[PDB]
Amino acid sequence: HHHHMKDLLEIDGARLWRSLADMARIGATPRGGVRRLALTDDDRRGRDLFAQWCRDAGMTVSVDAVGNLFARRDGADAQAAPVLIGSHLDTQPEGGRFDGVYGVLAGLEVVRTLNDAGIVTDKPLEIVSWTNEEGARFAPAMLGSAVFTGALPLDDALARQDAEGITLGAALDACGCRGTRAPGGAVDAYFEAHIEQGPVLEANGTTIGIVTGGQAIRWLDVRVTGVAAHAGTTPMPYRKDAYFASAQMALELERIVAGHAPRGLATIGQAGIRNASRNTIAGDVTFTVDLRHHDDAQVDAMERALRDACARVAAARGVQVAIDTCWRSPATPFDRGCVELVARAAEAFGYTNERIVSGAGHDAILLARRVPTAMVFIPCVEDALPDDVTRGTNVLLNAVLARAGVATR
């Protein structure tokens, strides 16, 4: 049967906050963060703590052949594919206490709440922590979910080596979490709760980010060539200054992105004058460009505008410019129907809410290309507030219940 959002079934927010505090002990760093690098001893301790909690909540727990960790709560429909709630327990070298872990433990609290309420779903529920989401110890990021969706072959993943030469397969064996089951399988829908990792919801007082998808991204390398002449002997009209040229190109980029507001973004994150000295005009300048938009055609349009603009600047200043695209990633829309469940849950509770794009990668990005996917963002300051943690999980709970259905209560 159908869930009623207007019943406003709520979680135990204090219980979820305590589980976050307890998990943040595992790998706690001197600065107050968390280090559980994928498949290290501290990652295993976090996986094991989570698995224990899941089994105490009546779930069965297993790992697949790349270490993806699944907890299962059967529904009344023995044949139905599960509604999957996921994120990741692994961290960066100096990770925050909410990145990744919030969405995994939100799933656990969803189950603990269903247990407390005596609710049996129609479709089964599963909670997943994906292996090596962070891409720090092993490449790539979102390794476990990429293997699950078929984007990364299993044998290629098992052979990835960390900086010490250890293979991921060897690390799975050391972890004790190499399952025998091939990764993959039918999924009805995938939901992921996560902190925003950006300032929008906190700045607006918005409790719920209704996540629409991920951006189209381009990474560019720019090199500007001039003449590296002496700073004192060369009068200004003789100069072919690659750094003043690069500076004007940066401001052209700022103007191009302003023309694509609000969805277009651009960032020059690396830049340098090569073979540089204080009293030598720059003859060789490199910088990188990160370009974003909601749409691939529009981010490509921004790129072509930048190439045109830089060509014009270079011709006016007598320098040369080369622009190479070294990485592309497509926009990744989420499923309209699953996104609508997130919105409806937020509206039923009266929580402030806004549509927002995911500005960074998540396992949800990989899942969305294969199965109906939505995300719940909460604001963050790294830190999140207890009532935002609670209310985001209330939204997750009720969107998942709407999707999975309620068989009995």
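All residue numbers refer to positions in the sequence shown, first residue = 1.
Count the deposited residues lacking coordinates between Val381 and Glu382 and you get 4 to 9 of them. When the mean C-alpha temperature factors of 170-178 and 229-237 are read from the deposited coordinates, 170-178 comes out higher. Higher mean CA temperature factor between 67-75 and 203-211: 203-211, per the PDB entry. In the deposited coordinates, the residue among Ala331, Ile85, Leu291, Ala186 with the greatest CA B-factor is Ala186. Residues shown: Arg47, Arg31, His362, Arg344. Highest C-alpha temperature factor in the entry: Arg31.
The deposited CA B-factor of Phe138 belongs to the highest third of values across its chain.
Remark: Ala193 belongs to the lowest third of its chain, ranked by C-alpha B-factor as recorded. Ranked within its chain, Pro124 lands in the lowest third, by CA B factor from the PDB record. Ranked by C-alpha B-factor against the other modelled residues of its chain, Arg112 falls in the lowest third. Annotation for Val299: C-alpha temperature factor in the middle third relative to the rest of the modelled chain, per the entry.
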